[PDB]
Amino acid sequence: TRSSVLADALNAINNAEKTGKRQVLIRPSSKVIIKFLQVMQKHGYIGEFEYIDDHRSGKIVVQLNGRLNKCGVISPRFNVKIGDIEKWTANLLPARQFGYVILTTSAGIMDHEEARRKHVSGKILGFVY
Amino acid sequence: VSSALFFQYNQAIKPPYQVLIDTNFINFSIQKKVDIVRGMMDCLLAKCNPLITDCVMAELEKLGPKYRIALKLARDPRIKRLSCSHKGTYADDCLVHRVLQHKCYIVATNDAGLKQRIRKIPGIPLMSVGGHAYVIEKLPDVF
Amino acid sequence: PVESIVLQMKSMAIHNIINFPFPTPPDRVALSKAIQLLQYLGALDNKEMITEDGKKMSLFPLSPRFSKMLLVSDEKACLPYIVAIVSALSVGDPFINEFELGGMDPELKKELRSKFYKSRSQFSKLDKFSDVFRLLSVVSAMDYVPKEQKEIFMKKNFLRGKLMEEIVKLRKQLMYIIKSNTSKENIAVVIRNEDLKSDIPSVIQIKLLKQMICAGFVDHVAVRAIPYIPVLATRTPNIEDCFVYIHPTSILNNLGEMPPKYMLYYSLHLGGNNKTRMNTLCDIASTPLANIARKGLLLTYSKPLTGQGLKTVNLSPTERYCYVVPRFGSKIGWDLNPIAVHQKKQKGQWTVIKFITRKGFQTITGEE
Amino acid sequence: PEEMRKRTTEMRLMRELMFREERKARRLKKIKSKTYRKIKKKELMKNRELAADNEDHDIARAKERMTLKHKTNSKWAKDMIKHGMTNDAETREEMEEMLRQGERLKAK
RNA sequence: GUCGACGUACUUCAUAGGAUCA
RNA sequence: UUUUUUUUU
Ligand SMILES: [Zn+2]
């Protein structure tokens, strides 16, 4: 059955932006989907989006704008130490200075070049480029 | 039969090098996830100056929007853009004319046919991505 | 064969043709071929009466096929040309061989043939056409020049001498008889047709000339592949597997790189080295054969064909648009290229109606 | 009126045309047998050529050189070759067909 | 016992396709 | 590897 809700969300965005649509509807929406999306939004990969509220898990509607090449999830949330940041970003990005690996640290959900500055690490969620 | 060439040494190729990229060097770089500038540093162990020709850039722009990440990689600011005095023709032909007219570039490419036609010309080393990195063939200053 | 004779006496409508008071009765074969051919000529049917256009053919002093190829050609002002062909072939040996009249003197003989060959090349502008366009352009240049001076012109390029004064007489006869049947004199552009002499033809109407002369030479078909050619006139089912060949007297005796691949002839004869001699050609490929093979039982069809881009569409229960391949040989024959034929069903048969082209078929299959 | 009865007999004859075509297409969909599909494809390509500009060719050649999809480093072909399976001449037919198709694309 | 079923070891058969020229 | 004697609107 349904296990990763974030994987469903990123796969629905990915499919419905490959084919050229303009706004996407993704049901359910945890706190993690909001924070992962705010990280994608800060860097310009998606437009605004909005959480519509039933009295249930809740749905989101995202406004895409083209600039997104791929996004995904890394499915066992592997613990990542502080050198393994750079082994991870060499495995899953097509050129080692664009795209952001996104990871869950004790100081928030953030990309990797923000977790370099603050000197933290944590688990690993996904990626965008 | 230029004044630099030995029997087959070709000693006008020296650090820092100048490589010419083909259109399917970029594809297999994106596929095997090596990076252009540091990949050539990690094989040649010298500085590099990747160059891309107007015929090749036209070919990249001809692919379309499914291959737009490779185009994003090719418009990168530190890949210089050598301009070429051509009608505007097939890429591999423009590479061969560059090689014959100056004999001081090494050629990074991956198609077998262009590999053969370069190999006839004596003294032109020939990088190509294989496996996991940028293997170089006919360069006598390796290690 | 006896075909214009029985044409005229069935134009008088004497139905029992075998019971005519002959001085001595000729063979059945020529009469039977007359019946059949003039059915393909669009002149007769099994209805035992000629057509109205068959009666109009009887109003012409020519061969039945010659009269037809004038008759149907009354379209788009291309008539002086068909007059030139129908009167040029109507008397034999239009050009001297220049091979049998005597560097050295055989070299100068062959050089006379070479210079006449250069002339005949310089006459024809459409290589694909036939030996027809040779004699057409010869007539178009002969009366182009002043005929007071044409004799030195007529012997500059080493041609024949009297049958074209006869062709001027015959031309005046033919346009006079057309004037007599129909008032065609005082019309404006028909001065082209009313030209007692001959001038330069059109540019696209000449392929339409190939169309309307395909209407003339019925049941005389071949291909090309050194010549290597069978007769593709499979309505006679026994004229295949044989290497048939152009008449060497015709200038189309192996013109280097002659393109086309449907070969229309006038007639043929056999002889030396068992070589065959198909006389007067016309060269066509795809649509205008079946445009003017529908005119009789020269041509039938198959069931519709299919795949992708070739799917039959139904506009109604009794009306459709389908690609079809046209069959041509009766008991042993072959097939042309397919066509987007649009048809309906009258009394239990999908009867073909219209020849839709490719893009029209794409629209008509978009709509459903 | 009575023109309704005309309408019903029209929709009836459309429905039975639809049903006969659907029955035919079902029975043909079940026949996968590579000689039968191969024959149907051959005579289709013949009829396509008989019955039914460089820029599209240059885009196709560009994508083919970018991709190199029709050479024996592909998974199917490298599998067949490396396991001695293409000495049987039918899979060699298929492999040569791949290679000539790619060679058609790379021609100029 | 020129025995069978295996288990190891090895051998061998299936490779040409297009284009131009004669 | 041309092989047209002859003829009537
Ligand atoms: Zn160039």
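For every chain, the first residue of the written sequence is numbered 1 and the count continues from 1 onward along that sequence, whatever numbering the entry uses; residues with no coordinates are hidden. Here every chain gets a letter starting at A, and every ligand a number starting at 1, in the order they are written. Reported values pertain to the displayed chains only, which are themselves part of a larger assembly. To obtain the side-chain values, all non-hydrogen atoms of the structure were included, while hydrogens and water were left out. Residues with missing side-chain atoms are left out of burial classes, side-chain pairs and their counts.

Per the PDB record, this model was obtained through cryo-EM at a reported resolution of 3.5 Å.

Colleague: Would you mind going over the overall build of chain B in detail, with residue names and values included?
Modeller: Labels follow the DSSP assignment, with helices taken as runs of H or I lasting at least four residues and strands as runs of E lasting at least two, numbered in each case from the N terminus. Across its full length, chain B carries six helices and six strands. Order of helices (α) and strands (β) in chain B, N terminus to C terminus: β-α-α-β-α-α-β-α-β-α-β-β. Taken over the C-alpha trace, chain B has a radius of gyration of 14 Å; the compact-globule value for 143 residues is 15 Å, and the two agree within 12%. Over its C-alpha atoms, taken along the principal directions, chain B stretches across nearly 45 × 35 × 25 Å. Residue exposure (1.4 Å probe, protein chains only): buried if accessible area is under 20% of the type maximum, exposed if over 50%, otherwise partly exposed. The buried share of chain B, reckoned over its 143 residues, is 50%. The long-range fraction of contacts in chain B, counting pairs at least 24 apart against all pairs at least 6 apart in sequence, stands at 60%. Every radius of gyration here is taken over C-alpha atoms, with the globule rule written as 2.2 Å times N^0.38, N being the number of residues. What makes two residues a contact is simply this: any of their non-hydrogen atoms within 4.5 Å.

Colleague: If you had to explain the interface of chain B and chain D to someone new, which residues and values would you point to?
Modeller: Interfaces are often sized by the accessible area lost when the parts come together. With 16 residues of chain B at the interface, the matching set in chain D holds ten residues. In terms of residue count, helix α1 (residues 23-32) of chain B provides more of the side of chain B that touches chain D than any other element does, four residues in total.

Colleague: Could you give an account of the interface of chain A and chain B, naming the residues involved and the relevant values?
Modeller: Taken together, the contact between chain A and chain B spans eleven residues of the former and nine residues of the latter. In this classification, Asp, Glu, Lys and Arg are treated as charged, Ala, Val, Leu, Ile, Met, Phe, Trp, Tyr, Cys and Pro as nonpolar, and every other residue, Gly included, as polar. When the residues that make up the side of chain A that touches chain B are grouped by side-chain class, the tally is six nonpolar, three polar and two charged.

Colleague: A description of helix α5 (residues 91-102) of chain B should follow, citing residues and the corresponding values.
Modeller: Count 3.6 residues to each turn of an α-helix, and residues three or four apart come out pointing the same way. Working rule for helices: expected span equals 1.5 Å times residues minus one. Between its first and last C-alpha atoms α5 of chain B spans 17 Å; for twelve residues at 1.5 Å apiece the expected length is 16 Å, and the two agree. One or two positions beyond α5 of chain B, positive phi appears at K103 of chain B, with a value near 60°.

Colleague: Break down the domain arrangement of chain A for me, with residues and values.
Modeller: Residues and elements named next belong to chain A. Marked domain ranges trace back to an automatic or database domain assignment. Splitting chain A by domain gives domain 1 (1-68) and domain 2 (69-129). The straight-line distance from the C-alpha centre of domain 1 to that of domain 2 is 19 Å. Taken together, the elements giving at least two residues each to the side of domain 1 that touches domain 2 come down to α1 (5-18) and α2 (31-42). Here the residues of the side of domain 1 that touches domain 2 are counted per class, giving ten nonpolar, two polar and two charged.

Colleague: So, the pairing of strand β6 (residues 100-105) of chain A: which residues are in play, and what are the values?
Modeller: All names here are of chain A. Here, any two strands with at least 2 DSSP bridges between them count as paired. Of the strand pairs in this sheet, β6 and strand β8 (residues 122-128) are connected by six bridges, and their pairing is antiparallel. Looking at the pairing, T105 lines up with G122 of β8. Alignment of β6 against strand β7 (residues 108-111), held across four bridges, turns out to be antiparallel. Opposite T105, over in β7, you have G108 as the bridge partner. Adjacent in sequence and paired antiparallel, β6 and β7 are bridged by two residues.

Colleague: Give a detailed account of the pattern of salt bridges, specifying residues and quantitative values.
Modeller: Think of a salt bridge as a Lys or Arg side-chain nitrogen and an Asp or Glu carboxyl oxygen that are within 4 Å of each other. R20 of chain D serves as the salt-bridge partner of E16 of chain D, at 3.6 Å between the closest nitrogen and oxygen. Of the two residues, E16 of chain D and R20 of chain D are both situated in helix α1 (residues 3-29); the distance of four residues between them amounts to about one turn of the helix. Between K106 of chain D and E64 of chain D there is a salt bridge, with the nearest N and O atoms lying 3.4 Å from each other. Residue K106 of chain D is located in helix α5 (residues 89-106), and its partner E64 of chain D is located in helix α3 (residues 54-67); the two are separated by 42 residues in the primary sequence. Among the charged side chains, a salt-bridge network with shared partners connects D22 and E59 of chain B together with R65 of chain D.

Colleague: For the pairing of strand β3 (residues 59-63) of chain A, give the residues involved together with the corresponding values.
Modeller: All names here are of chain A. Here four bridges tie strand β1 (residues 23-26) to β3, and the two strands are oriented antiparallel to one another. Residue pairing in the sheet places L25 in a bridge with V61 of β3. Where strand β2 (residues 49-52) and β3 come together, four bridges link them in antiparallel fashion. Across the sheet, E50 pairs through a bridge with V61, a residue of β3.

Colleague: Now, about helix α2 (residues 36-44) of chain B: what can you tell me, with residues and values included?
Modeller: In protein, a polar contact requires one atom able to donate a hydrogen and another able to accept it; more generally it is a pair of N or O atoms within 3.5 Å, and residues adjacent in sequence count only if both atoms are side-chain atoms. A side-chain oxygen of the first residue of α2 of chain B lies 3.5 Å from the backbone nitrogen of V37 of chain B; this N-cap is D35 of chain B. Backbone geometry just after α2 of chain B places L45 of chain B at a positive phi near 50°.

Colleague: I'd like a description of the sheet that holds strand β8 (residues 339-345) of chain C, backed by residues and values.
Modeller: All names here are of chain C. Judged by pairing direction, the sheet is antiparallel, and its four strands sit side by side in the order β6-β7-β8-β9 without closing on themselves. The sheet is open, and its two edges are formed by β6 (313-316) and β9 (350-356), each paired on a single side. Direction aside, neighbouring strands of the sheet carry axes that sit 30° apart on average. Bridge count between strand β7 (residues 319-324) and β8: six bridges; the pairing is antiparallel. Looking at the pairing, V324 lines up with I339 of β8. Against the sheet, helix α13 (residues 358-366) contacts β6, β7, β8 and β9, and its axis sits at roughly 135° relative to β7. Here an angle of 0 to 180 degrees is reported between the N-to-C directions of two axes, which are lines fitted to C-alpha atoms, with helices fitted over the stretch in contact.

Colleague: Go over the sheet that holds strand β5 (residues 282-283) of chain C with me, naming the residues and quoting the values.
Modeller: Residue and element names in this part refer to chain C. Strand order in this open sheet of three strands is β1-β2-β5, and the pairing throughout is antiparallel. Of all strands in the sheet, those with a lone pairing partner are β1 (221-222) and β5, marking the two edges. Judged from the two bridges that link them, strand β2 (residues 263-264) and β5 form a sheet pairing that is antiparallel. Each residue of the ladder has a partner; that of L264, found in β5, is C282.

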